[PDB]
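Enquirer: here come the first chain(s), positioned as in the complex:
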Amino acid sequence: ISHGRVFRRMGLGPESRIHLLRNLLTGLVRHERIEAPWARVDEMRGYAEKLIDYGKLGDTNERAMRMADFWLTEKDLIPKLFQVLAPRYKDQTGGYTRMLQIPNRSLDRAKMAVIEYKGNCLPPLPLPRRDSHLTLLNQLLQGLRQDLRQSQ
Amino acid sequence: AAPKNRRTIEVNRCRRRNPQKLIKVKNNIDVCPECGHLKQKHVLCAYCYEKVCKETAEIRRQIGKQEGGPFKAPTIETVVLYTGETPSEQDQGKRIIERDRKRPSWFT
Amino acid sequence: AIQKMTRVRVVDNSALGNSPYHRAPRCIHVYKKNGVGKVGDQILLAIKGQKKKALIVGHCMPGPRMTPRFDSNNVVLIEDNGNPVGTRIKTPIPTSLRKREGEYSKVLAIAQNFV
Amino acid sequence: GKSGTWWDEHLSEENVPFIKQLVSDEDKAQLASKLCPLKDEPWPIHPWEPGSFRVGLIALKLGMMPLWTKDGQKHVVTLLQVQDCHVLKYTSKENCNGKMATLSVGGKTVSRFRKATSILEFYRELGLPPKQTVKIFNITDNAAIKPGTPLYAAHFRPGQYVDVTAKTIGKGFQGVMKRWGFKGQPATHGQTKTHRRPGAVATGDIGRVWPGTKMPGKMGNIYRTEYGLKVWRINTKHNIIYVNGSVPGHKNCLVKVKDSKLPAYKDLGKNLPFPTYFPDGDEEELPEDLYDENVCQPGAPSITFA
Amino acid sequence: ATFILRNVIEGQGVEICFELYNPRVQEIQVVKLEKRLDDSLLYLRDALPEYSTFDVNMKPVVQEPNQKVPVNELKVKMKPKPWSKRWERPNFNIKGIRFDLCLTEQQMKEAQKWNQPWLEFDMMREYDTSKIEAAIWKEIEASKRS
């Protein structure tokens, strides 16, 4: 029975799971693009949201500094996270880290996904664009909207 | 445990040819507006995915060739370029990484 | 909860519980349908190798809300018919035992402090 | 062949919020239109009879809050909020089973995009938004109510025992000790793979097992009826029912509360509205909270014993 | 909402479980408002009786409500090792027990094995209460005004 409980187990326990999530977070901060199973990328995004929030809260804070030093095992990523990814989202709150699903892997055929931050100097992934506002259904909806607006 | 007799071929057919074990026919396969290499709903196309993966790999190769040794991570943003294209005025403090090919139509 | 084979300390002023002995007095039976004894129940206590009844005046587990929670199992000795053994009760007795008033009239009268 | 489709598939980026707002305004207008059922064409109201019953309500279990009385005791009440409760249709006596009439009552409102075609057609012909679940109450003949009237939580009054039934929390495929409550073998007393095993199931002479043998499996995924639930407080503004005891089910779920059928509470609804509490024809505004003559009100100036 | 009060009455520990919202409560009076280094004094059952013993007829000390609530940084000893719970475990996080005059270095060394440094940086398990606090404060202000 696991009602209302998340925390998907991956490694041999909580410590191994946290270590794997920290490694994934470091890789995502470095390369800004990682393909991994859906649960792993979901947890990575969930932790990266709070990481970006804490990095945006301030730099001189000792709590955020200790958290960045703990969750980043490369040291050099801390100044980058504090001076690039923090001033970038100064106008956004919690709207970032877009998740996209890929088919399968050519090894064990496992469900994977790729996530990335907004902006991104790398070319954007092919986003599932919706239908244009010129199809029959869209034109009929626009006509009905204009009719109800002129009738009001 | 040990069987007292032997299962027949009829029981085997009824067990292995049931619609529960047979593979279901999915109806989520469509086409892609770009390129078109048989994609699926809620799943990105493999062709454009491979293209953007190769492009990201080339950009990372160029970055590693420009950075040199490990343990760097610059404190400024980055911007990639292609053949020609002079840097703009709002891209002075960003690292310039130019390539050696024309600019694609899917990267603006 | 005071069940059986429990090392309880006598808090009375008699010559049985206050006298030293090589074995602590332990309960052997609870006068109830089940084997769970709460405050205000009659139990059998073996003191100095004998058979005498007892009365639970405060265990250690928290029952309801408006009730005390003593750190030690307090038990006042009692005979068969309603006559207490001890005459001075130094340990405080909770006010939850005053709802009887019929079978423990003298035990509540020989007491001192109340919580 | 035909592929899967939904409602927000062939829409642009400027049409989905428009459709959402339009359908929201539509359902709000449809809910507001059925606000005064008495001024329309109401059915004739019959007086209360000792040999008759009435229709229940559908509430939503919010949570459980403690409650105290005037004598000093502490009880427990459960919050049952009635969001939207209406009548769907009406079946006569000679069309169901030839015994007692029935009424179709729906739960809270939902969307029109995730329902069947027949359900949408029925809710369009009736004039109400679709509901989540549909319940049926067995009533008599003189308690006939026109379908399409709002049902508030003020239908019950403090001082009546009701029965609330819902779907309990399922445990899935669990063991037998946690399901039926069977005792287990000792732990480290040399036991070899038997700490949670039932052991025997039958005898050796019968050569089989009985169907009424308690064995592990699915448990909890069923509806259970609870009896003996007295109400202590009736809310009017938020429409909250304060039933004593526990409600079988989890939180934020639709329940089914109705009158009790126990022999100790046979004819006790003579001081209650037999049809339906109408806030239009009553010619009076009930207070926000209806307290009982035994529950300690929150505005009490510290009750003291004497 | 309930709270347990610890006090020794005639060499006997009495713990009453009152209720903050109960019709039988007459009046709640604070005798000495002060904080400590721990938010849960459940370890007082295994301590010396002289620490948990207070005078029942003591006079409440009055002060200003602007002293930032003075915190009493007083350490309490413990009875040998017949204790109730394992307070030496890092999961309890207690900074008010003198482990120098009660336990040895090997006991602390073997008890520190259950330390979870990753729990302090779990991030997701942190309950950030700010908007809810502002909402309930606005609600209580609107209820107190009119």
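Expert: In hand now; what should we look at? Numbering: from 1, shown residues only, chains lettered A, B, ... in the order given.
Enquirer: from residue D:197, how far off is the residue of the stretch 151-300 of chain D found nearest chain A?
Expert: Nearest residue of the stretch 151-300 of chain D to chain A (Cβ to the nearest Cβ) works out as residue D:171 at 6.3 Å. Yep, even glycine has a C-beta here, placed from its N, CA and C like the rest. Residue D:171 is 19 Å from residue D:197, where distance means Cβ to Cβ, to the nearest Å.
Enquirer: again, but for residue D:264
Expert: Distance of residue D:264 to residue D:197, given as Cβ to Cβ: 44 Å.
Enquirer: before we move on, what about residue D:56?
Expert: Going from residue D:56 to residue D:197 by Cβ to Cβ gives 45 Å.
Enquirer: picking that back up, who has more neighbours out of residue D:264 and residue D:197?
Expert: Set side by side, residue D:264 and residue D:197 show more neighbours around residue D:197, with 13 against 8, by other Cβ atoms under 10 Å in any protein chain shown.
Enquirer: pull the contacting residues for that one.
Expert: Applying Cβ atoms under 8 Å, 6 or more residues apart in numbering or on different chains, we find residue D:197 in contact with residue D:185.
Enquirer: for burial, what's the neighbour tally of the residue of chain E found nearest chain D?
Expert: Nearest to chain D in chain E, going by Cβ to the nearest Cβ, is residue E:23, at a distance of 4.6 Å. Neighbourhood size, residue E:23 [other Cβ under 10 Å]: 19.
Enquirer: ok, it touching residue D:303?
Expert: Yes: contact criterion Cβ atoms under 8 Å: residue E:23 and residue D:303 qualify, at 5.1 Å.
Enquirer: which residues do those two both contact?
Expert: D:70, D:296.
Enquirer: contacts only, for residue D:202.
Expert: Residue D:202 touches D:208-210, D:213, counting by Cβ under 8 Å, 6+ apart.
Enquirer: wait, which of these is closest to chain B?
Expert: Using Cβ to the nearest Cβ, the contacts of residue D:202 come closest to chain B at residue D:208, 16.7 Å.
Enquirer: what about the nearest residue to that closest one once chain neighbours are set aside, distance to residue D:194?
Expert: What sits nearest to residue D:208 in space, not counting adjacent residues and going by Cβ to Cβ, 6 or more residues apart in numbering or on different chains, is residue D:202, at 6.8 Å. Look at residue D:202 and residue D:194: by Cβ to Cβ, they are 18 Å apart.
Enquirer: while you're at it, add RNA strand F from this line:
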RNA sequence: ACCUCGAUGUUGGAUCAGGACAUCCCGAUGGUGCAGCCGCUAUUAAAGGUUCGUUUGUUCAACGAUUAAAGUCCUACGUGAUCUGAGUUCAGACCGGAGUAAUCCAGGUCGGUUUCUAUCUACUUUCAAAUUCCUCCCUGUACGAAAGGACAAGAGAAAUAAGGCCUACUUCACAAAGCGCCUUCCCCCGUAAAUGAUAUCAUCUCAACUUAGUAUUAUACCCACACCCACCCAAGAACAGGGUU
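Expert: RNA strand F added:
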């Protein structure tokens, strides 16, 4: 010694129960060597319990504390493809005895490997209508010379089993359990009595009928044929179940 030495596992205990009365009890009668609470006899009814412990190896057997009881038999002297051998069916040894020795003990003791991935039948909430102890005015009344104590009714507190909950106590926390809380509603056939002939009295009827004397032809969960990529879930092994305004 009638299938069973090309193999029928052997005493208990834990778990799980089924059936039967030659019935301990609560349901209902008649008598008494029934003065009232303590007892006995004969009948109908199985919807339940049959405790907490010690030591001896026990199904046997011994002793301490309760209520109405610590009831009996069969189910491979129930159940080892679920669990343990404390002995009982070996290889070693010790004490006592028979025996030239070897050897043996329906005389005693120390320890003495417990193996199987479910093939087949059959099962996986049958949805539900419980049982009982104590106290209070009656009660210190009928009863004897005295102990003592009810028959029945009303009210209040409680024990086992079943159906649920986390918000108040605990395990300790975006959840799940009990040590905490709510409810559990109808009986079951044996007599006591009018009139009546056969048998003009009398007669309760394996005659035609009248009263306790049959509860019930009971009541609530749950009963919309098809939008389904994907996400979430108090729903969940897959599947299936609910929401996405």
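Enquirer: same question on the contacts of residue D:202, but with RNA strand F included?
Expert: D:208-210, D:213.
Enquirer: quick one: the helices in chain C?
Expert: Taking DSSP state H, the helices of chain C run over residues C:105-109.
Enquirer: longest helix anywhere in chain E?
Expert: helix E:131-145.
Enquirer: contacts made by that helix with the rest, please.
Expert: Outside helix E:131-145, not one residue touches it by Cβ under 8 Å, 6+ apart.
Enquirer: who does the residue nearest the centre of chain C form a beta bridge with?
Expert: Centroid check for chain C by Cα atoms, centre = their mean gives residue C:75 as the closest residue, at 2.2 Å. Note on residue C:75: beta-bridge partners residue C:10, residue C:56, judged by DSSP bridges.
Enquirer: apart from its neighbours in sequence, what residue is nearest whichever residue of the stretch 1-150 of chain D sits closest to chain A?
Expert: Proximity of the stretch 1-150 of chain D to chain A (Cβ to the nearest Cβ) peaks at residue D:12, 3.8 Å away. Spatially, and ignoring its direct neighbours in sequence, residue D:12 is nearest to residue A:133 (3.8 Å; Cβ to Cβ, 6+ apart).
Enquirer: against which helices or strands is the longest helix along chain B packed?
Expert: What stands out as the longest helix in chain B, according to DSSP H, is helix B:46-67. Contacts defined by 3 or more Cβ pairs under 8 Å, 6 or more residues apart in numbering or on different chains; DSSP states H and E place helix B:46-67 against strand B:95-98.
Enquirer: and the strand it packs on, which residues are buried?
Expert: Counting neighbours by 16 or more other Cβ atoms under 10 Å in any protein chain shown, one finds that the buried residues in strand B:95-98 are residue B:97.
Enquirer: now do it: which elements does it pack against?
Expert: Partner elements for strand B:95-98 (3+ Cβ pairs under 8 Å, 6+ apart): helix B:46-67, strand B:78-81.
Enquirer: that strand pairs with which strands?
Expert: Sheet pairing for strand B:95-98, using DSSP bridges, gives strand B:78-81 (parallel).
Enquirer: got the phi and psi for residue D:201?
Expert: According to degrees, to the nearest 10, the main-chain angles of residue D:201 amount to phi -130, psi -30.
Enquirer: include RNA strand G as well:
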RNA sequence: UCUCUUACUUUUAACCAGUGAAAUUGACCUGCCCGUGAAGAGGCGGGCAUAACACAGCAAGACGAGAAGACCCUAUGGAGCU
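Expert: RNA strand G, in position alongside the others:
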């Protein structure tokens, strides 16, 4: 250890990808009760029962699987000790 069990992690458990067994098999279109028989019947008599096909757990039976029983008895078949 129990009254009275519980909170979490791993192996393991359920599905996806492949290598892939062992014991065992007269054939099975394989339900229950009463009674009978080589004496304990899913295949016999009389009744009750019945659209078909997989997945996930327990043991009541098919006197289920492994050893031509080590316990009792026969053998003019052996061997050890005195």
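Enquirer: with RNA strand G now part of the structure, what is the answer for what packs on strand B:95-98?
Expert: On a contact count with 3+ Cβ pairs under 8 Å, 6+ apart, strand B:95-98 meets helix B:46-67, strand B:78-81.
Enquirer: from the chain's centroid, how far away is the last one?
Expert: Okay, so that is strand B:78-81. 21 Å (Cα atoms, centre = their mean, to the nearest Å).
Enquirer: what does the longest one give?
Expert: How far helix B:46-67 lies from its chain's middle: 12 Å, per Cα atoms, centre = their mean.
Enquirer: my read: residue C:47 touches residue C:15, true?
Expert: No: counting by Cβ under 8 Å, residue C:47 does not reach residue C:15; the two are 10.0 Å apart.
Enquirer: what about those two, which has more around it?
Expert: residue C:47 (22 against 11).
Enquirer: mean neighbour count, the helices and strands packed on strand B:95-98: which tops it?
Expert: strand B:78-81 (a mean of 16; mean count of other Cβ atoms under 10 Å in any protein chain shown).
Enquirer: quick one: which of the helices and strands packed on strand B:95-98 is nearest residue D:62?
Expert: Evaluated over the helices and strands packed on strand B:95-98, closeness to residue D:62 peaks at helix B:46-67, with 46.9 Å, by Cβ to Cβ.
Enquirer: list the contacts of the residue nearest to the centre of chain C.
Expert: Here residue C:75 is in contact with C:2, C:8-11, C:43, C:45, C:54-57 (criterion: Cβ under 8 Å, 6+ apart).
Enquirer: so among those residues, which ones count as buried?
Expert: Judged by 16+ other Cβ under 10 Å, buried ones among the contacts of residue C:75: C:2, C:8, C:10-11, C:43, C:45, C:54-57.
Enquirer: quick check: buried residues in stretch E:60-77?
Expert: The neighbour-count check on stretch E:60-77 (16+ other Cβ under 10 Å) flags residue E:76 as buried.
Enquirer: CA atoms only for whichever strand or helix holds residue D:243 - export them in CSV, please.
Expert: If you go by DSSP states H and E, residue D:243 is part of strand D:240-244. What follows is strand D:240-244 as a C-alpha-only set of coordinates in CSV (Å, rounded to 0.1, in the frame of the first residue of the first chain):
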residue,chain,number,x,y,z
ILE,D,240,-22.2,21.0,5.7
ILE,D,241,-23.6,18.1,7.6
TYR,D,242,-22.2,17.0,11.0
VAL,D,243,-22.8,13.3,11.2
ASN,D,244,-21.5,11.4,14.2
